[PDB]
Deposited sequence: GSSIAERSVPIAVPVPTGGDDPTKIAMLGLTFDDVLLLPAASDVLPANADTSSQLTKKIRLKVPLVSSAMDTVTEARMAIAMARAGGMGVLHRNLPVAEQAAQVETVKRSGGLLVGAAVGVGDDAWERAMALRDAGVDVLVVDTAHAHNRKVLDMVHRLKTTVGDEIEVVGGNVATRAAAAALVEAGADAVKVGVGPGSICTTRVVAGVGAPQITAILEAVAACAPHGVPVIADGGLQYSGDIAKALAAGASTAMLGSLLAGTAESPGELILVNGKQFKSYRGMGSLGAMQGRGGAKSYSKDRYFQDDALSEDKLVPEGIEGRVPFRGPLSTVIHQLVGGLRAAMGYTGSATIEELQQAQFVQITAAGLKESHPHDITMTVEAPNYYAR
């Protein structure tokens, strides 16, 4: 074995991230403006824009979830707050129209209580929200929810980085599988635990387990440019979840920060010290202020539409069949 030892499976794969690949152009009759950007968030819920905001306390509360839904995506309300408060934000979103809204729960003891409270508040999607879904407690959580409230509510499970983990969530009854163990911009899991999986390879693997069962994959974390959205979907994902790309917007929680005459907002991991207030697996940082959400979403979607133009993808379903070229460091 060229890299050492006698076991060829020790190093199971070569993991590619977004910067490792480019989308290849293909024959096209598709104009960017006419492309259809709608896509399955879950088995039942289709979004007009395949974008979801992260369940983070510096990204999504009621104001973001409302702006996302109006932009044609959805927001996932974070769970770093009292159950009553989170449910009140759900109500607030519903009060503002017939707007889609999701909300994160854990798998702890009050997790079940929290989910029932969100159900009562009218939530559309429950996201069982962990760093590692391949675990009997998370799988049991997903399943219990699905059997109890599954007719009225769609249940998302995550996160996973492998085929077998995605397969287990499908089996457990997930309406969507969320992919991303370690790729987040504010993530330190890779240096703290030494654990991770580059996101393009992780998506390809999850989609191999999920697509045969008609279960959409949400690509979560590591997206830096609108181009990475196209890449993630082309790898087979149905939507993308964004943290950093949306944390700089007016609608995100938090105040402006002035540093050297430039405008920023705080953006922090939910495994950061501050968020947990111990071995943190996220940092607390800043992102540039980017203005209104509507305008950020317009830009990102514009980039996607261009990609659909280049690749001849009339729909997201077609983009999922596009091909990549692997590039080198020099590229």
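Undergrad: Checking coverage: what stretches of the deposited chain sequence are missing C-alpha positions?
TA: Missing from the model are residues 1-14, 292-314, 369-389.
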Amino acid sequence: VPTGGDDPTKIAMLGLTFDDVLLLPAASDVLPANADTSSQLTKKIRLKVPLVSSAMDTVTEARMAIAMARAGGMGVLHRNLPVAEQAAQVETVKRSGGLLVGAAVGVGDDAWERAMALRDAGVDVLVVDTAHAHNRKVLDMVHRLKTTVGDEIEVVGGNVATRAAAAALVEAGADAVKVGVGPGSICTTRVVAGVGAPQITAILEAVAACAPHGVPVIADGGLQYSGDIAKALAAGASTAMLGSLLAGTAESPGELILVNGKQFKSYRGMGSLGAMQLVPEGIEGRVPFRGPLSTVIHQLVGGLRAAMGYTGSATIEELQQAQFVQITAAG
From here on, numbers count along this sequence of modelled residues.
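Undergrad: Of the other entries that cover residues on both sides, do at least a third skip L278?
TA: It is, since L278 is left out of at least a third of the other entries that model both flanking stretches.
Undergrad: Decide which of the stretches 145-153 and 188-196 has the higher mean C-alpha B-factor, going by the entry.
TA: Going by the record's values, the stretch with the higher mean is 145-153.
Undergrad: May I ask you to compare 238-246 and 76-84 by their mean CA B factor in the entry and name the higher one?
TA: Result: 76-84.
Undergrad: According to the Cα B-factor stored in this entry, which of the following is highest: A164, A232, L99, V127?
TA: Among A164, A232, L99, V127, the highest C-alpha B-factor in the entry belongs to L99.
Undergrad: When you compare the CA B-factors of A209, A103, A219, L258 as listed in the entry, which one comes out on top?
TA: That would be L258.
Undergrad: Using only modelled residues of the chain, where does the Cα B factor of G182 rank: lowest third, middle third or highest third?
TA: CA B-factor rank for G182: middle third.
Undergrad: How does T92 rank on Cα B-factor within its chain, lowest, middle or highest third?
TA: It belongs to the highest third of the chain when residues are ordered by C-alpha B-factor.
Undergrad: Split into thirds by Cα B-factor across the chain's modelled residues, where does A168 land: lowest, middle or highest?
TA: It belongs to the middle third of the chain when residues are ordered by C-alpha B-factor.
Undergrad: Taking the entry's C-alpha B-factors for this chain, is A275 in the lowest, middle or highest third?
TA: Within its chain, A275 is a highest-third residue by C-alpha B-factor, going by the deposited values.
Undergrad: According to the PDB entry, is the CA B factor of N159 in the bottom, middle or top third of its chain, that is, lowest, middle or highest?
TA: Middle third of the chain for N159's C-alpha B-factor.
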